[PDB]
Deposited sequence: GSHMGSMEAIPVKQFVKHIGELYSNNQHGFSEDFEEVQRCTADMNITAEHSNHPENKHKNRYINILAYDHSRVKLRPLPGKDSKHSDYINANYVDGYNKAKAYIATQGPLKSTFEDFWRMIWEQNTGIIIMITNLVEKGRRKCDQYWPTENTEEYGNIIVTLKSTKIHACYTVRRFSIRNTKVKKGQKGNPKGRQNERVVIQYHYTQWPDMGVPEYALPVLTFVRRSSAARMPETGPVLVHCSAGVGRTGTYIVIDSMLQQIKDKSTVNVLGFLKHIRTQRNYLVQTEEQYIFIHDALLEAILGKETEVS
């Protein structure tokens, strides 16, 4: 569970894939239980005033790492958002891992972006997938929309084969004060089966990560629950940064660490194997 050299990592992937992928299963079972005895509380998440603010009853925001909204003129639970700070490579609180916002949380979502000085949104979901509602549209289709004291204008849209880039101009009405928020939206979701090819995800991760300018707030990352694909993106991004910097990889170690920050980050064994596949392709992209 120490940083493994890229060469050894490649050999370690082989060990994990053998014997009907049992090594991957053991690794993922180890991730699933790592915080079981830590008694990590999520009191604010379970408070009755905040229940309608959670997309899934069981997908909570740990107290110690939750993003707190700056108190709002009045309420006692106006500080709550189902969002957590998550570390990145050599950068504590490099991300805000959050659920896909609800119509009832659009204002909180945009206020958090404003208050956190977030300049990048990573959306790793379609609004609807396999006929199920995954996320609500928190942005205007065209032109301007107001979300509480936050005025949001769509400035531009650039559609690529696997992802869309939307630039927004945001401004707080009741208060620099006019800012650019760039949304990187991954759109390629296989209607049957599972991904498939890591190359488009690798390009999405690299281009969305390179867009992080100094000295801005954390990059907001969301999918539906804000755990599965969110954690997947966070592990890939951090690991590509470790590979470039030190030519080492620590998937298990870094994942077990981020599991203390938000529950269920990298939610399935499939996502866990996907990280390894994506990282192998990046290492090979030489």
> Where does the model have holes with respect to the deposited sequence?
Replying inline: 1-6, 81-82, 184-194, 306-310
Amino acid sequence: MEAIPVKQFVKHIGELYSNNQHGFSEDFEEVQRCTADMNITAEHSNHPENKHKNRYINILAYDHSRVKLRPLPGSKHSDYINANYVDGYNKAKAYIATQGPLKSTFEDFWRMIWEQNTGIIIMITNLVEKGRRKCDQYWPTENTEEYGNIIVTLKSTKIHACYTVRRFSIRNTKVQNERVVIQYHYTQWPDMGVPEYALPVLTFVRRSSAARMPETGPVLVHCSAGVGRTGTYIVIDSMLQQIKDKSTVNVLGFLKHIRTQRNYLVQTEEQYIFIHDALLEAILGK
From here on, numbers count along this sequence of modelled residues.
>> Mean Cα B factor from the PDB record: higher for 43-51, or higher for 213-221?
In response: 43-51
> So 105-113 or 189-197, which one's hotter by mean CA B-factor in the entry?
Replying inline: 189-197
>> Sorting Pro140, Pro73, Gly100, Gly88 by Cα temperature factor from the record, which one lands on top?
In response: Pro73
> Between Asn126, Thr157, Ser78, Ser208, which one tops the list for C-alpha B-factor in the PDB entry?
Replying inline: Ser78
> What third of its chain's C-alpha B-factors does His64 belong to: lowest, middle or highest?
Replying inline: middle
> Can you tell me which third, lowest, middle or highest, the CA B-factor of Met1 falls into for its chain?
Replying inline: highest
> Against its chain's modelled residues, does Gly131's Cα B factor rank lowest, middle or highest third?
Replying inline: highest
> Against its chain's modelled residues, does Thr173's Cα B factor rank lowest, middle or highest third?
Replying inline: highest
> Which third of the chain holds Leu280 when residues are ordered by C-alpha B factor: lowest, middle or highest?
Replying inline: middle
